[PDB]
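S.K.: Just dropping this structure here.
Note that each Cβ is placed from the backbone with ideal geometry, even for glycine, and that neighbours are counted across all protein chains shown. Derivation of every value follows stated rules applied to the coordinates shown; laboratory data play no part.
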Amino acid sequence: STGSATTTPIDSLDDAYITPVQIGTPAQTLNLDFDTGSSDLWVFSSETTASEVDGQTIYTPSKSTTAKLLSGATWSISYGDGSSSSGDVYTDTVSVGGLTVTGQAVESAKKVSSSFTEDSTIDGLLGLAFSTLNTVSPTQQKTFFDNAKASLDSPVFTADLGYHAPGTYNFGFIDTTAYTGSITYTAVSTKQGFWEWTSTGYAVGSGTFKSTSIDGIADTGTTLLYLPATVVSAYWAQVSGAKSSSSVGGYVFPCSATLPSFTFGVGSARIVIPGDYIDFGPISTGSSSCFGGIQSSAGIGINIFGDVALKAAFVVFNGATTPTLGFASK
């Protein structure tokens with residue numbers, strides 16, 4: 001089997017991407033944030049504290065003839081951005097782009113933090129990291145990908161995120177029309193539960209490539225590119241007037257600037273992030289200070305190849321017995 005679904009930016013900045021997901025019988029379609037940095041499929045629901053729901057579409061398990069309470073199971077998750085959610089668990093039928101999994105754990109939120117409430121466009125998350133990170137207790141549950149894997153034509157999914165435009169998540173096949181050149185594959189460590197890999201270096205604009213190992217995670221659920229302070233300083237030094245602002249919470253730059261590209265290495269291959277992808281717009285409405293899309297990972301504890309990086313590539317998440325990651329230009 002295979003599946004193919006379009007993923008759409010939630011706003012004009014590509015702050016996140018939502019993908020429609022069918023849950024239950026008859027189908028209830030919710031728009032979920034596919035997150036290769038976590039491993040829980042959780043949704044706003046009829047059980048979510050009413051004051052914490054503001055415009056989201058909810059899953060109502062009592063209206064699904066295939067929903068079953070997973071007795072005694074609870075979940076609770078905290079994300080790198082300080083947001084969180086928790087609740088109980090149902091199993092139900094879940095389909096993405098024509099690919100169906102029966103008996104998928106659907107984690108129903110009883111509570112969500114303010115950042116989730118405040119984002120009316122995201123109805124929940126669909127985790128695509130390794131199932132070892134799944135938070136369900138006392139019986140850990142599998143991700144949608146892990147459940148689908150054996151049925152897929154090939155044990156892979158791909159992320160093809162758009163810049164200010166829709167893109168595609170495919171399951172079970174590699175669309176050879178969706179990228180240019182060849183796909184370069186690179187090793188993955190699953191030791192921390194992430195799609196963790198080592199970039200071979202970087203360049204700023206038309207500058208020379210610096211060969212240096214940068215360990216980090218391919219994370220579709222993180223907006224920006226978080227890299228070591230040395231790398232980030234070298235990038236922003238090429239933008240007149242750019243500075244790190246403790247009050248704003250990262251590097252800002254004059255909105256009048258033209259940003260240089262940023263290149264990262266994948267083995268001997270190179271992925272070029274155009275400068276415009278690094279612009280996250282005014283820090284507040286009407287400001288002439290703009291927020292940068294490349295930020296320091298210092299104090300995160302891990303480097304994160306988030307959407308800023310991934311949307312410059314066609315990315316293969318290869319879930320074969322020994323997982324790997326592939327990157328192509330597009």
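S.K.: Does the range 135-143 contain any residue that is part of a helix (DSSP H, G or I) and touching a residue at least 12 places away in the same chain (Cβ under 8 Å)?
M.R.: no
S.K.: Can you name the residue in the range 32-63 that is of a type in the set (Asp, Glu) and not in a strand (DSSP E or B) and is also surrounded by the most Cβ atoms within 10 Å (Cβ to Cβ) among such residues?
M.R.: Within the range 32-63, the first condition is being of a type in the set (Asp, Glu), and the residues that meet it are 33, 35, 40, 47, 52, 54.
From the residues that got through so far, the ones that are not in a strand (DSSP E or B) too are 40, 47, 52, 54.
Working: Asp40: 25, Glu47: 18, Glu52: 18, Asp54: 13.
Out of the qualifying residues, it is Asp40.
S.K.: Residue under question is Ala218, and the condition is that it be loosely packed, with under 14 Cβ neighbours inside 10 Å and closer than 27 Å to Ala187 by Cα; does it hold?
M.R.: Criteria not met by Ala218.
S.K.: Out of (1) in a strand (DSSP E or B); (2) under 14 Å from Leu125 (Cα atoms); (3) not basic (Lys, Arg), the odd one out for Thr91 is which?
M.R.: All conditions pass for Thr91, except number (2).
S.K.: Cβ contacts < 6 Å: first residue at positive phi, restricted to the range 245-257; second residue of a type in the set (S, T, N, Q) and part of a strand (DSSP E or B), any location; separation 6+ or different chain. Result?
M.R.: Every condition considered, the pairs that remain are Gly250/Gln295.
S.K.: While we're looking at this one, here's another question. Checking the structure you have, find out if any residue of the range 6-21 is on the phi > 0 side of the Ramachandran plot, under 23 Å from the mean Cα position of the chain (by Cα) and among the acidic types (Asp, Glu).
M.R.: Residues of the range 6-21 on the phi > 0 side of the Ramachandran plot: 14.
From the residues that got through so far, the ones that are under 23 Å from the mean Cα position of the chain (by Cα) too are 14.
If we keep only those that are among the acidic types (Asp, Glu) as well, we get 14.
Yes, some residue in the range 6-21 is on the phi > 0 side of the Ramachandran plot, under 23 Å from the mean Cα position of the chain (by Cα) and among the acidic types (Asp, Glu).
S.K.: Give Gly181, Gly193, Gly162 a once-over and let me know the one that is in contact with a helix residue (DSSP H, G or I) (Cβ under 9 Å, 6 or more places away or on another chain), among the small types (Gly, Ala, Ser) and part of a loop (DSSP other than H, G, I, E, B). Explain how you work it out, then say what you get.
M.R.: Values: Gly181 fails: in contact with a helix residue (DSSP H, G or I) (Cβ under 9 Å, 6 or more places away or on another chain); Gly162 fails: in contact with a helix residue (DSSP H, G or I) (Cβ under 9 Å, 6 or more places away or on another chain).
Result of the check over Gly181, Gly193, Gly162: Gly193.
S.K.: Within the range 239-268, count every residue that is of a type outside the set (A, V, I, L, M, F, W, C) and buried (at least 16 other Cβ atoms within 10 Å of the Cβ).
M.R.: Counting residues in the range 239-268 that are of a type outside the set (A, V, I, L, M, F, W, C) and buried (at least 16 other Cβ atoms within 10 Å of the Cβ) gives 7.
S.K.: Looking at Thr190 and the list (1) surrounded by 19 or more Cβ atoms within 10 Å (Cβ to Cβ); (2) hydroxyl-bearing (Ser, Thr, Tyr); (3) within 22 Å of the chain's Cα centre (by Cα), which single condition is not satisfied?
M.R.: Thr190 satisfies all of (1) surrounded by 19 or more Cβ atoms within 10 Å (Cβ to Cβ); (2) hydroxyl-bearing (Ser, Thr, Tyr); (3) within 22 Å of the chain's Cα centre (by Cα) except (1).
S.K.: Also, I was wondering about something else. How about the range 115-151: which of its residues are hydroxyl-bearing (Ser, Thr, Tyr) and under 22 Å from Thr8 (Cβ atoms)?
M.R.: Scanning the range 115-151 gives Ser115, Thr117, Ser120, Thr121, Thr143.
S.K.: With respect to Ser12, determine if the residue is touching a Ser or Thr at 6+ places or on another chain (Cβ under 6 Å), in contact (Cβ under 8 Å) with a residue 40 or more places away in the chain and not in a strand (DSSP E or B).
M.R.: no
S.K.: Sticking with this one: Given (1) closer than 25 Å to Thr223 by Cα; (2) in contact (Cβ under 8 Å) with a residue 60 or more places away in the chain; (3) part of a strand (DSSP E or B), where does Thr29 come up short, assuming only one miss?
M.R.: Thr29 satisfies all of (1) closer than 25 Å to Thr223 by Cα; (2) in contact (Cβ under 8 Å) with a residue 60 or more places away in the chain; (3) part of a strand (DSSP E or B) except (2).
S.K.: Would you tally the residues in the range 291-306 being out of contact with any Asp or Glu (no Cβ under 6 Å at 6 or more places or on another chain), buried (at least 21 other Cβ atoms within 10 Å of the Cβ) and of a type outside the set (S, T, N, Q)?
M.R.: 5
S.K.: Being touching a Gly at 6+ places or on another chain (Cβ under 9 Å) and among the polar types (S, T, N, Q) is true for just one of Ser284, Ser296. Which residue is that?
M.R.: So the residue among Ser284, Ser296 that is touching a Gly at 6+ places or on another chain (Cβ under 9 Å) and among the polar types (S, T, N, Q) is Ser296.
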